[PDB]
Amino acid sequence: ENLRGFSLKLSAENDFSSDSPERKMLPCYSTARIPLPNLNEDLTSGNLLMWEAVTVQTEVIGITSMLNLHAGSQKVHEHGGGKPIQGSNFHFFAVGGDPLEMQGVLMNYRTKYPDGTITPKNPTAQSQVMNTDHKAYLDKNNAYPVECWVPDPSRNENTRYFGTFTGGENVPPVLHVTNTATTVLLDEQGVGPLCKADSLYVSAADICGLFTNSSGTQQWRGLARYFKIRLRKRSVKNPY
Amino acid sequence: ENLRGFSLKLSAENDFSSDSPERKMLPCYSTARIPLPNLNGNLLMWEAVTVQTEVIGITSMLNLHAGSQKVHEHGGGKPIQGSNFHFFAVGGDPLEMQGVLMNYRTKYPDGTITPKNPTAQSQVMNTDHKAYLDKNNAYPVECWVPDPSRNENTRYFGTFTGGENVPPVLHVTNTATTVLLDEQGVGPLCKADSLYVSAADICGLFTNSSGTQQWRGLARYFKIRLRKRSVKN
Amino acid sequence: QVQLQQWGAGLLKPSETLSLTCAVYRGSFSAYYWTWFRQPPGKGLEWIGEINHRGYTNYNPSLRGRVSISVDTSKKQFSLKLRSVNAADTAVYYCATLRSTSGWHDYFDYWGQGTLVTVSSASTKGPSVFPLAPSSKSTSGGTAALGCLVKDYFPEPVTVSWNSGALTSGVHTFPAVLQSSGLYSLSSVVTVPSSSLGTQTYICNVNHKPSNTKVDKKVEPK
Amino acid sequence: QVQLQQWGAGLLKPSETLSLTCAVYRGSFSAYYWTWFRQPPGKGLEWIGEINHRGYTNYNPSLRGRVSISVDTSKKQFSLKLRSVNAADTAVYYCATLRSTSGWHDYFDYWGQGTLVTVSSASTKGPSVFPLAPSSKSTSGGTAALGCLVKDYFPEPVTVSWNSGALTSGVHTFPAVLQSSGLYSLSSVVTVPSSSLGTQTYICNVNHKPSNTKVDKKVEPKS
Amino acid sequence: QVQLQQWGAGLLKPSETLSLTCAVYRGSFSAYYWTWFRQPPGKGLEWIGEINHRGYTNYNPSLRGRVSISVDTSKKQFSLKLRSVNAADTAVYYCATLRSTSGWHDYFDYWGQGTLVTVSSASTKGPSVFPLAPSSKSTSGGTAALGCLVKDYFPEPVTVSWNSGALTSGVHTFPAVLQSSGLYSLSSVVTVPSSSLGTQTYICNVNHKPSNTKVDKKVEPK
Amino acid sequence: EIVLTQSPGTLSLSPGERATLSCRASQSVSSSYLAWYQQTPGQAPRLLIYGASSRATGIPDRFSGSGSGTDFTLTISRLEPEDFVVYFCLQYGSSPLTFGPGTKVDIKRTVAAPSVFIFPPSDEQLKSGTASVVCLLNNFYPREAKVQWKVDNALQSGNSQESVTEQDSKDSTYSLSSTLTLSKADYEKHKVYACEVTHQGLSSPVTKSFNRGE
Amino acid sequence: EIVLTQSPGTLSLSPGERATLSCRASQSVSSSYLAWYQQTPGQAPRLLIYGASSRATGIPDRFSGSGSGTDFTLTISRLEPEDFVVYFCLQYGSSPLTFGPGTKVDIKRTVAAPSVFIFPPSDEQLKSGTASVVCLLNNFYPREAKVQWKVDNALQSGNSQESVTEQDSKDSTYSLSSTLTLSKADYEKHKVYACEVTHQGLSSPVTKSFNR
Ligand SMILES: [Cl-]
Ligand SMILES: [Cl-]
Ligand SMILES: [Cl-]
């Protein structure tokens with residue numbers, strides 16, 4: 001309850017045949033459904049109105065908290081400051097009018113995933129490469145482990161997603177903040193995500209790197225993501 | 001059969017005169033022929049206009065609990081890192097390749113297609129070493145590169161990043177498109193209603209608790225937009 | 001792979017000061033809180049107290065005033081001192097770390113091997129080994145019971161085998177009891193076929209290392 | 001460069017406990033599964049069991065719950081205890097690792113030197129060394145055959161050389177045969193030029209380490 | 001983790017040369033200014049001087065040009081020489097570093113264990129231990145006082161315990177006083193129930209290590 | 001200090017079954033700072049769970065913890081043979097750190113009555129001036145057994161000591177020794193020496209006895 | 001447990017030829033977890049192949065493994081002299097790990113007749129009260145040979161023991177010792193001691209014999 005935004009310390013060197021990660025050691029994708037105002041006087045009119053996502057401004061919140069090198073981080077050397085958060089990081093966001101659609105891929109198909117996680121069902125050796133059986137909706141917060149799931153480029157017709165993975169022992173975190181940067185969400189046809197049932201879906205994973213305790217134990221550190229989505233009224237044909 | 005997407009562990013320090021790599025230690029180019037709908041006043045060919053592509057399962061490398069050497073005492077597993085190669089091609093013919101070897105005296109094993117009758121010149125440029133990427137899991141990545149002297153009907157893109165500790169850096173988005181049209185506004189023309197997709201996505205080396213290293217690869221997705229082009233002959 | 005090596009005098013006399021040292025190998029001395037526990041014979045565990053590399057201490061009030069914990073950063077050692085010991089201080093004493101200096105979130109499970117600390121004025125004494133002879137009153141439904149009473153030894157331990165370790169089946173060696181004398185007593189018994197009493201020889205092999213006492217007692221029928 | 005050093009008492013009487021230790025002298029103790037095998041004389045190998053650095057064990061059912069394996073992480077050692085030994089436990093026992101803690105895909109080939117374990121009620125006895133003298137009945141053209149009969153010793157092994165290891169050409173030291181007595185016997189023979197008899201001296205050097213027996217028997221032509 | 005190990009002869013006659021060495025056992029020898037301090041008995045501290053690894057020195061004018069500090073970079077040692085010592089040079093001498101070669105902003109707190117230096121014409125001498133016997137004149141309302149006078153010893157220190165360290169409650173061991181003779185004296189006292197005077201034995205255990213004097217004086221009622 | 005109570009005192013269950021062990025605190029344990037330890041006889045405690053629900057490095061996934069405030073549970077999902085030992089809870093939310101008194105997990109088997117054997121003193125002991133009389137209760141289940149010494153039908157008290165083996169690895173039974181100690185003088189003043197055994201496996205109390213000088 | 005059978009028991013080929021060794025399992029070996037080991041006399045096993053087809057660190061490329069499920073092959077493409085030793089398969093797909101009984105690879109050579117030598121017991125042994133009579137069959141090929149003891153033309157039955165060397169590293173031959181053991185008493189009851197040797201390289205069976 002004190003280390004909100006951290007994982008349980010990382011286990012290492014599990015046999016591929018005996019790999020049973022703790023639930024609290026596994027970062028999961030974040031998701032929220034944002035209710036939007038009803039636009040429709042009625043649902044009988046020839047044309048109806050739907051919210052259309054046009055742009056998103058987004059950034060990671062609290063990046064300067066990593067300038068705390070006094071709280072619990074291993075000294076870099078004798079008399080030195082604490083070790084910065086560093087190592088493998090993943091920065092991902094999606095905006096859609098439907099839940100994010102995901103494809104399952106595993107490091108280890110024999111991993112025994114714990115209760116409270118949703119992971120690829122009936123995994124095979126093919127699950128370590130591409131097994132098209134592993135399709136999920138990001139339909140639950142704090143459930144889909146980041147290590148099991150990626151955004152599915154074969155689907156997500158009504159979602160725009162953006163991710164960067166930087167892997168490595170000592171990878172430096174590099175994070176930008178500005179309220180002047182906008183990502184356009186309109187497709188080739190000039191249409192943004194259309195918000196079905198007056199619902200906007202925001203999804204994120206922001207693993208900033210590993211925190212190192214004085215012992216050498218490592219914990220994932222995550223930070224919140226802000227979304228500001230510009231929406232416009234789009235006329236559609238009444239499907240009823 | 002349990003470590004699909006991994007190579008056999010890397011041998012090291014073979015004599016150049018006695019270099020016999022194990023077949024399952026050698027990553028190969030991936031290729032597939034995609035059959036297209038049959039089209040045939042003027043004859044019609046499918047023309048590849050754009051490709052959307054990304055590496056699938058990049059987040060699987062956040063598993064630092066399965067079998068990777070601890071970074072230090074009490075630490076998490078070592079991330080996949082080191083030399084990586086990210087390559088894709090889209091064409092209306094099989095990818096055309098040029099052979100170049102680290103060591104012309106390498107004895108390549110049965111099941112690989114590698115430069116035939118190699119000489120010392122095969123370590124630089126030997127124009128004898130021409131191949132079609134005409135078989136999946138056969139042409140070792142270390143022996144072959146896309147041939148810039150050919151591939152008139154293919155578009156190819158590759159980045160090699162070499163080094164012990166190179167970090168994998170991989171982007172995913174369904175908003176990025178690569179245009180396949182040439183200077184004349186003509187994309188690859190799909191001969192015999194066939195589209196050819198080719199890839200190599202070596203992400204880096206996985207390190208076991210022993211310090212042994214294995215190549216990790218990931219699948220590549222392709223979405224190709226095609227249009228009907230009127231052609232003569 | 002933090003390694004805790006425990007040493008100090010395990011046999012103390014009443015009124016003396018207990019002195020134990022824990023040496024840290026294959027780990028950072030500065031990175032952990034160093035803790036002492038004790039477990040009295042057949043009882044639960046008591047937290048004694050703890051120290052860090054800068055010498056900041058916290059003690060259990062249950063033995064406060066009597067307890068001192070110290071660190072030697074040059075030797076990567078920490079020590080326990082317990083003053084005015086009596087019979088109630090008899091326990092296995094453990095050095096340990098339960099967490100790093102980062103805090104309780106970074107929880108650990110490194111323990112020393114433990115020191116058996118016996119508080120007693122009693123002198124080192126080898127046992128008398130008496131036969132528990134098989135008879136009509138020590139036979140039941142085709143099985144006969146025999147044994148050895150290993151009486152009046154100090155300190156623990158004594159080891160018992162039967163026919164030089166060749167007889168393990170049916171053997172029960174009981175935990176030692178502390179007598180009013182301050183000396184220990186243990187019984188070792190074995191059940192065998194009643195028919196085997198005439199044919200087979202049964203010898204208990206008792207070793208008490210502290211007194212260099214080795215007894216090979218033939219147990220014969222009454 | 002992972003190095004396994006093996007030791008422990010090889011000579012046991014029936015019902016006793018076999019105790020062997022393997023030291024890991026180079027390489028990470030925590031990175032491998034540590035395994036015991038045995039090979040009875042002139043047979044194939046048997047898997048006994050294995051352990052990791054946390055002490056998790058798996059055993060062959062064939063040993064009938066008589067087997068225990070332990071680790072000492074402080075000494076980087078692992079040990080085998082086999083209870084209630086009998087004649088069928090006679091074998092060379094090997095410590096090894098076949099794979100890292102990453103699993104069976106990460107396969108290795110590090111073996112100890114092996115320990116000859118003999119289980120028998122027989123007592124330690126040095127060999128009698130009898131000459132096999134060259135004569136008309138043991139000579140053929142330019143070749144004379146001579147040897148030493150190394151009879152009635154326990155346990156294995158014996159080492160035999162000729163002229164302190166200077167004579168190796170034409171030497172045949174036969175595998176030991178276990179006699180009804182529970183004692184071992186073998187011959188060592190050599191073929192040499194018949195012209196060299198009397199001119200060259202032929203001495204078999206017999207060492208039986210378990211009984212501290214050293215014998216240097218001069219083999220001279222028969223009368 | 002800088003560790004300072006201090007040694008040198010502590011007992012000196014007037015006019016002799018004090019010679020102390022400090023060894024830097026862990027930490028960079030070249031990275032710190034190396035300093036000597038002294039603390040006279042029951043007084044504050046005096047800065048003697050300092051040196052860096054290149055041998056640049058600064059000295060306190062108070063020592064009247066009698067002081068030399070040197071470095072041995074091969075041994076990672078620095079030394080104090082004080083010439084023409086007198087009684088006023090009696091002190092605990094400490095080696096230390098207060099800052100790195102980067103300057104006074106980079107301030108440190110590494111100290112040697114200290115060396116007791118006694119400068120005196122007196123020669124090493126064990127104490128006479130006299131009882132302070134409990135009486136009518138040393139009894140008040142159910143409390144009796146008793147003690148030991150540990151008289152005419154040199155140099156410091158002496159240790160005193162009661163009943164081999166078993167009696168600590170009510171014990172007061174006074175600081176030593178230097179007499180006009182140049183010999184030390186101290187008293188150790190304990191207050192006990194008046195009822196215990198006939199029954200309970202009271203022995204003060206005096207150890208003066210420099211003279212190899214051990215005394216166990218029984219203090220009985222007068 | 002915070003007082004921890006553990007329930008039950010003894011848990012009797014079969015290999016492969018689910019074990020649920022309870023730890024209750026006299027007041028709220030700050031930050032759910034509650035650890036579970038396993039102890040095998042002759043070894044230091046072994047951490048299973050910290051922070052109420054965090055599994056320790058290298059601990060099998062069959063071990064899990066839950067709870068907060070005053071109420072905590074250790075679950076062993078599928079009991080292995082090595083799990084039939086002692087479990088302690090430790091609170092570290094309040095100084096001083098305090099442990100519960102422990103729960104023993106024992107292998108549930110069918111009820112087995114003890115085989116009762118009685119042993120007179122040896123002649124060599126009696127000559128030395130002491131009489132040790134031993135009653136053996138062998139291979140019984142469950143552990144609960146009462147031994148009563150009777151000398152010439154007079155119930156004895158203060159002059160006996162009892163010792164019990166750990167649950168046997170082969171047959172999952174207990175054994176008990178009771179030793180009656182008298183002086184040679186007091187021993188020779190009486191005739192009938194009897195140990196009376198009460199146990200769930202017996203319909204009525206069983207007496208084994210001898211007459212002095214049989 | 002999984003039972004492994006190896007074929008043939010003994011394989012006879014010349015240096016430079018291709019060797020094919022078979023390992024067959026009583027049931028399917030999970031994940032093709034089949035290893036091939038070489039054993040030279042007096043040494044621990046040496047890993048050649050793991051995972052049915054993966055060549056171990058530093059192993060020459062002339063060694064290759066193939067197969068899956070129940071049926072596995074070790075191929076030695078061009079035999080070197082050091083390769084003429086014992087080969088074991090190991091399955092590690094099922095607990096317990098089990099080995100095959102092994103295959104010996106022998107050098108195929110021209111037929112060589114044994115030189116037959118007989119040694120009477122030494123005087124020193126006779127003094128001790130025992131008579132060991134040794135018949136040496138030296139440097140023969142192939143391995144198949146019959147030795148029969150006759151004492152005063154009476155065939156012996158259960159008082160002889162045979163020992164055979166492994167194929168010699170220099171000349172690729174076998175040698176065989178046959179030892180007749182009698183009491184001094186039984187030895188002194190007879191005159192003629194003969195060992196009769198039968199072998200493909202001999203025109204007729206050869207008798208080597210002595211009086212006393
Ligand atoms: Cl799925
Ligand atoms: Cl070519
Ligand atoms: Cl080889």
Side-chain angles (χ1 to χ4, degrees), chain A residues 1-28 71-72 74 87 106-121 123 141-143 145-148 207 210-222, chain F residues 2 16-21 23 25 27-38 44-83 87 89-95 97:
Chain A
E1 68 193 68
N2 301 308
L3 270 87
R4 186 84 164 99
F6 295 78
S7 75
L8 194 72
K9 64 175 104 195
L10 272 58
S11 58
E13 307 195 337
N14 292 335
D15 197 309
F16 271 67
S17 72
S18 193
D19 179 31
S20 293
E22 238 271 6
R23 191 197 175 178
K24 300 185 305 181
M25 196 184 67
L26 296 176
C28 291
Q74 194 178 62
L106 301 175
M107 175 74 90
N108 175 24
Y109 85 94
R110 291 174 282 164
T111 299
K112 182 180 170 301
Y113 285 102
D115 293 341
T117 66
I118 304 170
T119 69
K121 322 295 178 171
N141 197 59
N142 194 29
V146 179
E147 73 169 58
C148 297
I207 301 164
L210 290 167
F211 182 94
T212 311
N213 296 291
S214 59
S215 60
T217 61
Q218 292 177 304
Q219 297 172 247
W220 298 115
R221 176 61 162 129
Chain F
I2 299 189
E17 293 194 314
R18 171 177 282 250
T20 306
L21 287 79
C23 183
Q27 61 182 263
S28 189
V29 179
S30 176
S31 296
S32 302
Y33 282 178
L34 198 289
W36 288 95
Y37 287 87
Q38 186 189 67
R46 179 204 183 197
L47 180 66
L48 301 172
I49 304 293
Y50 64 96
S53 55
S54 301
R55 193 161 80 254
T57 303
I59 297 304
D61 69 348
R62 70 172 178 284
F63 299 99
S64 69
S66 57
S68 59
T70 63
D71 300 314
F72 303 89
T73 304
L74 176 67
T75 306
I76 315 173
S77 64
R78 186 158 173 73
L79 285 160
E80 300 295 320
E82 58 265 36
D83 302 343
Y87 297 84
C89 57
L90 166 69
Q91 76 78 24
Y92 55 99
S94 164
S95 188
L97 267 61

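In the text below, chain A, chain B and the rest are named by the order of the sequence lines, each starting its count at 1. Below, all heavy atoms of this structure are taken into account, side chains as well, without hydrogens, waters or symmetry copies.
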Going by an N to O cut-off under 4.0 Å, is there a salt bridge joining F/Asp83 and F/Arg62? yes
Considering only heavy atoms, which portion of A/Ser20 lies under 4.5 Å from any heavy atom of chain F: side chain, backbone, both, or neither?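 Contact with chain F involves both backbone and side-chain atoms of A/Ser20.
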Proximal component of A/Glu1, with respect to chain F [non-hydrogen, under 4.5 Å]: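 Just the side chain, heavy atoms under 4.5 Å.
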Tell me, side chain or backbone of F/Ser64 under 4.5 Å from chain A's heavy atoms, or both, or neither? neither
Examine whether an atom of F/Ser68 lies under 4.5 Å from a heavy atom of chain A, and if so say whether it belongs to the side chain, the backbone or both; otherwise answer neither.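 Neither part; nothing is under 4.5 Å.
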May I ask you to decide if the ring planes of A/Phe211 and A/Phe6 are parallel, tilted or perpendicular, using 30° and 60° as cut-offs?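 If you compare the ring of A/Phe211 with that of A/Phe6, the planes turn out perpendicular.
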Quick check for you: among F/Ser53, F/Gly51, F/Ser32, which has the greatest number of heavy-atom pairs under 4.5 Å with chain A?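 Most heavy-atom pairs under 4.5 Å with chain A: F/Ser53.
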Member of F/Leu74, F/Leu34, F/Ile49 meeting the side-chain contact (heavy atoms from CB on, under 4.5 Å) criterion with F/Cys89: F/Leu34
Any donor-acceptor pair under 3.5 Å linking the side chain of A/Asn108 with the backbone of A/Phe16?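 Yes, A/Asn108 side chain to A/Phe16 backbone: donor-acceptor pair under 3.5 Å.
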Taking atom OG of A/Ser11 and atom CZ of F/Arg55, what is their separation to the nearest 0.5 Å?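 The OG atom of A/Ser11 sits 8.5 Å away from the CZ atom of F/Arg55.
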